[PDB]
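Asks: got an experimental structure here, sequence first:
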Amino acid sequence: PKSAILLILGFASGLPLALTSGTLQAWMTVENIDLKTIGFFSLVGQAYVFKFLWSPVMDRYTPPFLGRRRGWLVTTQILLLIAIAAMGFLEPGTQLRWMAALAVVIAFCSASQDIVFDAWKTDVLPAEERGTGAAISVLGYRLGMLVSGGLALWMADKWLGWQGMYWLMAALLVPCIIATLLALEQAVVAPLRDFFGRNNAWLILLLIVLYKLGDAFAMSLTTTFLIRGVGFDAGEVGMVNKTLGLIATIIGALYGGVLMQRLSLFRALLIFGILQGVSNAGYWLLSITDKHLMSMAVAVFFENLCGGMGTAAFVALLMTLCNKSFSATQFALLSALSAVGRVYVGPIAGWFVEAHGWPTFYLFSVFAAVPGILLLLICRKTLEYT
Ligand SMILES: CC(=O)N[C@H]1[C@H](O[C@H]2[C@H](O[C@H](C)C(=O)O)[C@@H](NC(C)=O)[C@@H]3OC[C@H]2O3)O[C@H](CO)[C@@H](O)[C@@H]1O
């Protein structure tokens, strides 16, 4: 029962991810609120690219009166709860002054929670082996995004008043908090010196960001693309295209976990993540397709499947890069580089979805990152050595 703790706490650090991301865009795209500004909510998670600049300051000192007299997952999760609940309670489309009143605060709190959830509890009490112990968290997180996001809006759409859905989420945090009660000045810079001390620091830096650049386009404006001027025709039916792909990706990752051990060809990443582009064509093939009966359901279960499989492979390679004394203090840096592409991709993608429509944005712009996989082949000269 040692691992049973992680999953429950996973939902604490997996829920707030979608409330400023896909569900905020679905909530704005259900109203008119233009088209460009729906994607202008991508700089909200700017806190997920500066999280390493203050990763060590939060911990270490933790004076008892300020913090540590109760676990810090509480000192982040309770504060997060008020901000999330107040986010939706404000004006839906009349006065949008909340664009930053509760978007930046939510991202700040989440980025402050995932850091303390990877530092003070992950490697301090892992019981040595961290492979399966950490593989359980990915599942206690994927499932948190499944609870929110697509399936979450299924009841919100039927129910009258989107603020009620927020009360569901603020109420889904109550079990977290209750199951958790029973579950340095120079610190900022001294770590960073070991990341650029390699030959291949800049090459790995570029590879980390450009590899997933393609995978971010296909999850940037899917919510608006389907319901808006497209054969989806609904919003209630959103489970068809916003839930199936989460269960498909979680399952794909689970297959990836056993398969990686089953790896018989050293390619690993190359083959497991090369097809991430041919899977995105599922959307393009539906771009010229009428609403149909099941058409959009063919791609939802296949595209999110391919990237889902490659998820574990990415994270696992990202973990091996940094397992030294500095520990997760430096891991968080590689987790700031992974979200840079998907945080800033919105406005740029939208500008391209304005001039040349949707289709050619799915064909060329999406496949821009397939060459990056080709570049990974060169990067396999130094990666193979280790
Ligand atoms: C260990 C961990 O929590 N990593 C990050 C998490 O990524 C997860 C990521 O989920 C993505 C967003 C998703 O599938 O929607 C998944 N993929 C990668 C590459 O990180 C995987 O799931 C747990 C962790 O790793 O998300 C945020 C990144 O900005 C951050 O809160 C957090 O650093």
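Replies: Received, thanks. Residues are numbered from 1 along each chain as shown.

Asks: wait, residue 382 touches residue 199, no?
Replies: Yes. Using Cβ atoms under 8 Å, residue 382 is in contact with residue 199, at 7.1 Å. Using the backbone N, CA and C atoms, a C-beta is placed for each residue, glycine as well.

Asks: find the residues that touch each one of the two.
Replies: Common neighbours of residue 382 and residue 199 (criterion: Cβ atoms under 8 Å, 6 or more residues apart in numbering): none identified.

Asks: looking at the two, which is more packed in?
Replies: More crowded of residue 382 and residue 199, by other Cβ atoms under 10 Å: residue 382, with 13 against 8.

Asks: for the ligand, give me its nearest residue in the protein.
Replies: Of all residues in the chain, the one sitting closest to the ligand is residue 339 (3.2 Å; Cβ to the nearest ligand atom).

Asks: report how many residues lie close to that residue.
Replies: Other residues close to residue 339 by other Cβ under 10 Å number 19.

Asks: mind telling me what element it is part of?
Replies: In this assignment (DSSP states H and E), residue 339 forms part of helix 328-355.

Asks: immediately after that helix, which helix or strand?
Replies: That would be, after helix 328-355 and using DSSP H and E, helix 359-360.

Asks: next structured bit after that next one?
Replies: Per DSSP H and E, the helix or strand that comes after helix 359-360 is helix 370-383.

Asks: can you pull the contacts of residue 313?
Replies: 256, 260, 268, 269, 272, 273.

Asks: okay, and residue 84 sits in which element?
Replies: Residue 84 belongs to helix 72-89, assigned by DSSP H and E.

Asks: tell me the buried residues in that helix?
Replies: 72-77, 80-81, 83-88 (16 or more other Cβ atoms under 10 Å).

Asks: which elements pack onto that helix?
Replies: Applying 3 or more Cβ pairs under 8 Å, 6 or more residues apart in numbering; DSSP states H and E, we find helix 72-89 packed against helix 4-12, helix 16-19, helix 103-119, helix 163-180.

Asks: number of nearby residues for residue 276?
Replies: So residue 276, with other Cβ under 10 Å, has 22 neighbours.

Asks: now swap in residue 369 and tell me
Replies: Around residue 369 there are 23 residues (other Cβ under 10 Å).

Asks: doesn't residue 213 make contact with it?
Replies: Yes. Look at residue 369 against residue 213 with Cβ under 8 Å: they come within range, at 4.1 Å.

Asks: the residue located most distally from the centre of the chain and residue 247: what is the separation?
Replies: Each residue of the chain has a distance to the centre, and by Cα atoms, centre = their mean the biggest one is for residue 65: 33.1 Å. From residue 65 across to residue 247, the span is 45 Å (Cβ to Cβ, to the nearest Å).

Asks: do residue 132 as well
Replies: Residue 132 is 22 Å from residue 247, by Cβ to Cβ.

Asks: can you check residue 270 too?
Replies: Distance from residue 270 to residue 247, by Cβ to Cβ: 27 Å.

Asks: same check on residue 40?
Replies: 30 Å.

Asks: neighbour-wise, which of these two wins?
Replies: The residue with more neighbours, out of residue 40 and residue 247, is residue 247; 19 against 15, by other Cβ under 10 Å.

Asks: can you name the residues that contact the nearest residue to that one once chain neighbours are set aside?
Replies: Nearest non-adjacent residue to residue 247, counting by Cβ to Cβ, 6 or more residues apart in numbering: residue 146, 6.4 Å away. By Cβ under 8 Å, 6+ apart, residue 146 lies in contact with 243, 246, 247, 250.

Asks: please save the CA atoms from stretch 5-23 in PDB.
Replies: In PDB, the C-alpha atoms belonging to stretch 5-23 read as follows (Å, rounded to 0.1, in the frame of the first residue of the first chain):
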ATOM      1  CA  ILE A   5      -0.500   7.400  -1.600                       C
ATOM      2  CA  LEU A   6       0.800   8.700  -4.800                       C
ATOM      3  CA  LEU A   7      -2.300   8.300  -7.000                       C
ATOM      4  CA  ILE A   8      -4.600  10.200  -4.600                       C
ATOM      5  CA  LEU A   9      -2.000  13.000  -4.300                       C
ATOM      6  CA  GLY A  10      -1.700  12.800  -8.100                       C
ATOM      7  CA  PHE A  11      -5.100  14.100  -8.600                       C
ATOM      8  CA  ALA A  12      -4.000  17.100  -6.400                       C
ATOM      9  CA  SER A  13      -1.300  17.900  -9.000                       C
ATOM     10  CA  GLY A  14      -3.200  16.700 -12.100                       C
ATOM     11  CA  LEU A  15      -6.500  18.600 -11.900                       C
ATOM     12  CA  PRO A  16      -5.500  22.300 -12.100                       C
ATOM     13  CA  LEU A  17      -3.700  21.600 -15.400                       C
ATOM     14  CA  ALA A  18      -6.800  21.700 -17.600                       C
ATOM     15  CA  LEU A  19      -8.700  24.500 -15.900                       C
ATOM     16  CA  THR A  20      -6.500  27.200 -17.400                       C
ATOM     17  CA  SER A  21      -5.900  25.200 -20.700                       C
ATOM     18  CA  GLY A  22      -8.500  23.200 -22.700                       C
ATOM     19  CA  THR A  23     -11.500  23.800 -20.500                       C
END
